[PDB]
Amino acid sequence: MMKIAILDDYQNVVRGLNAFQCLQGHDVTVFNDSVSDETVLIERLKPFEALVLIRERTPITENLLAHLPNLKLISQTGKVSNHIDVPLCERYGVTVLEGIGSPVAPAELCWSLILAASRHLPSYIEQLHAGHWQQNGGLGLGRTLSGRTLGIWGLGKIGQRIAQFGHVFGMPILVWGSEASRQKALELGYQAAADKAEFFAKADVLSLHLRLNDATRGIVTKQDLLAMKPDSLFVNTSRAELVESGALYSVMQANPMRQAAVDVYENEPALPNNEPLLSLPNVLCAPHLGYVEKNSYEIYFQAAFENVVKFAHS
């Protein structure tokens, strides 16, 4: 019925979902690489009548829209976000359909990074397979989250789940942000940090859960990072651009006593050749794996593909 491109399925896993059967009858091409040039992208996507987007992996610009005359439908996995403007699409004769957000998989993934980093898990496992029992490349002993203070900035849906995890794991919860967020924190029985200085100085584990906008861009300074404890764990599963550019790498390089766990980067795909954080033994780097999960996918693509079907019948 329609020519459909599915973009940025890096792992080639979309075809393996039960949800994929929803696209029976359509002429479907799944792309699995990452095009940096919009000129190249436009030529590639010219034939297609519908696009299925994977979250924010490809931004939909006016230049993109204006040069895809066959495009009738963009079907978005989850809610439309910063990477897509619906009114703009419609002016170009493109319907945008969307799904719903889900905080479950990202929250779980964030906790996994925190536990892994705190116990030096990747290093210990790699060394086990290298033939060195219970070594981790000189990182020393791992530590419990119990009795350690969990610092949380964004107190949204994901931020609240992480705070719940921390509490049940025996962590004092310290919150910083707007007064409204800190008030919510206090009502939930958590602590509110007196200021940004005290927040960064007191957190043993510090996790960011803020949406990126003009108020939040570079809101975490190098100065903030440098005020953290010498054995602190900094966690960013939200957006790398919340942090002053190159500030994370600089601080982590200077102090092998401290650690960080990240899921997001300034440029993605982030690879050893373009991302200096990947060269540091005290930084745990994950490949934007927050929403990349079996249930998350099935839910995302069930909605996205049904939307294609709904549109196909319209």
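Start at 1 with the first residue shown and count on from there.
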item	value
Greater mean Cα temperature factor according to the PDB record, 80-88 or 189-197	80-88
Mean temperature factor over C-alpha atoms, higher-scoring stretch between 211-219 and 144-152	211-219
Deposited CA B-factor, highest of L53, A286, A254, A260	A254
Entry-reported Cα temperature factor of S238, expressed as the chain third it lands in	middle
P172 CA temperature factor, ranked by third within the chain	lowest
Ranked C-alpha temperature factor of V30 among modelled chain residues, by third	lowest
Within-chain third of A19 by Cα B-factor, per the entry	middle
CA B-factor placement of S296, once the chain's modelled residues are sorted into thirds	middle
